[PDB]
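*Asks:* Let me start by giving you these chains from the complex, positioned as in the assembled structure:
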Amino acid sequence: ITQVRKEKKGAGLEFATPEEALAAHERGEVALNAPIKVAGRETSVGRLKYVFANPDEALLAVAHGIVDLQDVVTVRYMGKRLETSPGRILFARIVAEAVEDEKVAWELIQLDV
Amino acid sequence: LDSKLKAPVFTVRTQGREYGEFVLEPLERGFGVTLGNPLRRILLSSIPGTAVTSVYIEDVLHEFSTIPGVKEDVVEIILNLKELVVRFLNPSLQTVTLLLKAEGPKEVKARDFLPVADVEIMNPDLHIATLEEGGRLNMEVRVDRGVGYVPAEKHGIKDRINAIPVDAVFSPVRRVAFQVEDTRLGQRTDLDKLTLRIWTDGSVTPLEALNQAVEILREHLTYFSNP
Amino acid sequence: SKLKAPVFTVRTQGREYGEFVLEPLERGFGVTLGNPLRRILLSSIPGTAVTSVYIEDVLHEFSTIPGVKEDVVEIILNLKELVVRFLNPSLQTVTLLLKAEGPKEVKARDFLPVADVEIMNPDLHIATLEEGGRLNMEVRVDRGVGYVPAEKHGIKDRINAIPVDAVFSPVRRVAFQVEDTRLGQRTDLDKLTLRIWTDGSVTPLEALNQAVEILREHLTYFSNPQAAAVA
Amino acid sequence: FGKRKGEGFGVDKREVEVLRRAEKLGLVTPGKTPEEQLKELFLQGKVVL
């Protein structure tokens, strides 16, 4: 659940605005998790296309088949805008609920591996 | 061979309108997950709710633009608009449009939205945006009734050219968890203990959610009646 | 934009097999409806099975009979495949009497007929009898549910009777297909098909009906909330 | 499979999802029909479960 997808279809195409990127992905020219570049900064289609206000929403989307736990995406968690998978958010919440402390749990885990 | 046993007792633990725990024991072997899974599916997908499906902001072209005079970007505002919990007082009402106009130094909350007939805002203290000196925010939000989760590209609704479509989070139910533990009644050792855990936004209580969920299921069972 | 009651199709071959279609259904309801029914169909559907066997001059399961090829373990193994249908719902148990001698191949058809009792598999092999070989049996068949091993029920009519492992479930197999379907401008709708194989004792349709009834009744259990006081 | 195809049932939704997954794993080739891909898996001794 904590491993993230690395996809070869987009493979570092250059884009001006995220709308163009979303369009390219829409046509099927760029994979969701492919490492592209928009506005000179390296990102992915998934991070732009799906932006979740909170974990509950992201996991709700995973439940509806919108995205997969391994898809890299944008989730807003603890006042921070995070680029990560819903699965890593899930792990974070597992540790968090298990120890009944959100802050300490957030400190203990390594989210990015 | 002979089998006769008592109907299970339904146990309820509720904290506020946000959360509840539901225990059903004893159940025959396997029935813990037989009840639990469909209910979880129904509770997440089919429970009637409200959501913000569209947003228009003055002088704003696309979603990834920014707002001069405001620190939050358009993205961050839309996120807060997803956390907005709106309750419709009347069953007839399908869709509403909520207008918000404010300026000067201010911290805009959900309460600032101009009231509409038979529309209740459950979370008025929810923070939409902060405005600076010279900061101007004029926006209209489209609120619809629906079920489950619809991404922005799927409904794709626009009242005008600059309207930004928002991922529609309809489900009043935020999370459903269930676990089956082995329990024993007398000499029957394989019996099931069903525990359900439901998180909602308060618009619909967990008990209300579960009740609506089991009703949907029963009604679907009546579909095997007349060929 | 709310979907409503779907058309319900029924396709049956004999008493053994059936297919039951429900379409259109909302997204995810193919599994939501389909799976619980399958779980109930495989487990909780009541039925009939041999619960005991007495054979003349046989003290236990570990014995052989003169003139009979099969040992008693094999005879019981064959009798465990016996499908017995009851007509009258009030009837709990039947003792099938068999009397035979060889050379012959004794089948399930050779059982002496009883009122409101139908063997759904008369060609089922029972024993192989030889010149001088003589077989006299009384086999107790009961109504029941699920899998009750000989060890648990310990059912013995007379002293030398042998308890038999009883699989009561009339349902041999259950599968369900979820196919993509549309109604009007709506897409990603579910088309649900329940495929049910039974032994003939009860038809797939009956099975589906009482399975639905069991799930319904189970849903009735949520109707009496009770406060949980941990304080 | 062919038995199923004759029995009047097409490819299942769940089978489609699993096929997407396996397609990401590089188990089946993209562009082939659901049947072709299911066969591709079956030749690897794998089946949808």
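*Replies:* Perfect, thanks for sending it. Residues are numbered from 1 along each chain as shown, chains lettered A, B, ... in the order given.
*Asks:* host element of residue D:14?
*Replies:* helix D:13-24 (DSSP states H and E).
*Asks:* can you tell me if stretch D:14-24 touches chain C.
*Replies:* Yes: counting by Cβ under 8 Å from any Cβ of the partner chain, chain C has neighbours in stretch D:14-24: D:14, D:16. In this view, the C-beta of every residue, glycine as well, is placed from N, C-alpha and C.
*Asks:* Report the buried residues of that stretch.
*Replies:* D:15, D:18, D:19, D:22, D:23, D:24 (16 or more other Cβ atoms under 10 Å in any protein chain shown).
*Asks:* rewinding a little: for the helix or strand following the helix holding residue D:14, give me every contacting residue.
*Replies:* As assigned by DSSP H and E, the chain's next helix or strand after helix D:13-24 is helix D:34-42. Helix D:34-42 is contacted from outside by D:1, D:5, D:11, D:15-16, D:19, D:22-23, D:27-29, D:32, D:47-48, using Cβ atoms under 8 Å, 6 or more residues apart in numbering or on different chains.
*Asks:* Now render those residues as CSV, adding distance to chain B.
*Replies:* As requested, those are exported to CSV (distance: Cβ to the nearest Cβ, whole Å):
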residue, distance to chain B
D:1, 28
D:5, 26
D:11, 22
D:15, 19
D:16, 18
D:19, 22
D:22, 24
D:23, 21
D:27, 27
D:28, 27
D:29, 28
D:32, 27
D:47, 22
D:48, 19
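*Asks:* for the buried residues of stretch D:14-24, which one is nearest chain C?
*Replies:* Taking Cβ to the nearest Cβ as the measure, chain C lies nearest residue D:15 of the buried residues of stretch D:14-24, at 9.1 Å.
*Asks:* count of neighbours near the residue nearest to residue D:47 when sequence neighbours are not counted?
*Replies:* Sequence neighbours aside, residue D:41 is the residue nearest to residue D:47 in space, at 6.7 Å (criterion: Cβ to Cβ, 6 or more residues apart in numbering or on different chains). Neighbour count for residue D:41, taken as other Cβ atoms under 10 Å in any protein chain shown: 16.
*Asks:* What of the one 3 residues further on?
*Replies:* By other Cβ under 10 Å, the residues close to residue D:44 number 11.
*Asks:* Close to chain A: what parts of chain B are there?
*Replies:* Checking chain B against chain A by Cβ under 8 Å from any Cβ, the hits are B:44-45, B:62-64, B:75-76, B:78-80, B:82-83, B:148-149, B:151, B:153, B:167, B:169, B:171, B:174-175, B:199.
*Asks:* Further, place chain E onto the existing structure:
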Amino acid sequence: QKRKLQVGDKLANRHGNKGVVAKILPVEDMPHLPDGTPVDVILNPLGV
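*Replies:* Chain E, in position alongside the others:
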């Protein structure tokens, strides 16, 4: 005595894969093929 297979009994294949039966599930809990056929035994791939 007629001994049925039970929990804690030792099973093995000819390739050296041995294990004790830890769980016996009812048929409805078993992983199954799309045609409705349940599997008999579940072996962990971690043993390979």
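*Asks:* try the nearest residue to residue D:47 again now we have chain E.
*Replies:* Using Cβ to Cβ, 6+ apart, the nearest residue to residue D:47 is residue E:33, at 6.2 Å.
*Asks:* need the contact list for that neighbour.
*Replies:* Counted by Cβ under 8 Å, 6+ apart, residue E:33 has contacts D:47, D:48, D:49, E:39.
*Asks:* how about a cut-off of 10 Å?
*Replies:* For residue E:33, the contact set (Cβ atoms under 10 Å, 6 or more residues apart in numbering or on different chains) comprises C:175, D:47, D:48, D:49, E:39.
*Asks:* any idea how far residue D:12 is from it?
*Replies:* As defined by Cβ to Cβ, to the nearest Å, residue E:33 lies at a distance of 11 Å from residue D:12.
*Asks:* what's the answer for residue B:163, then?
*Replies:* Applying Cβ to Cβ to residue B:163 and residue D:12 gives a distance of 38 Å.
*Asks:* re the thing from before, okay, and the common contacts of residue E:33 and residue D:12?
*Replies:* The contact sets of residue E:33 and residue D:12 overlap at residue D:48 (Cβ under 10 Å, 6+ apart).
*Asks:* what about the nearest residue to residue A:102 once chain neighbours are set aside, which helix or strand?
*Replies:* The shortest distance from residue A:102 to any non-neighbouring residue, by Cβ to Cβ, 6+ apart, is to residue A:96 (5.1 Å). If you go by DSSP H and E, residue A:96 is part of helix A:86-99.
*Asks:* quick check, distance from that helix to the centre of its chain.
*Replies:* From the chain centre to the centre of helix A:86-99 is a distance of 15 Å (Cα atoms, centre = their mean, to the nearest Å).
*Asks:* Ok, stretch D:23-41 next?
*Replies:* So, by Cα atoms, centre = their mean, the centroid of stretch D:23-41 is 6 Å from its chain's centroid.
*Asks:* Please identify the buried residues of it?
*Replies:* For stretch D:23-41, by 16+ other Cβ under 10 Å, it's D:23, D:24, D:28, D:37, D:38, D:40, D:41.
*Asks:* Would you format those as a markdown table with distance to residue A:104 included?
*Replies:* Shown next, in a markdown table, are the buried residues of stretch D:23-41 (distance: Cβ to Cβ, whole Å):
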| residue | distance to residue A:104 |
| --- | --- |
| D:23 | 41 |
| D:24 | 36 |
| D:28 | 44 |
| D:37 | 46 |
| D:38 | 48 |
| D:40 | 48 |
| D:41 | 45 |
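*Asks:* What's the nearest residue in chain B when you look at chain E?
*Replies:* For chain B, Cβ to the nearest Cβ, closest residue to chain E: residue B:30, 5.7 Å.
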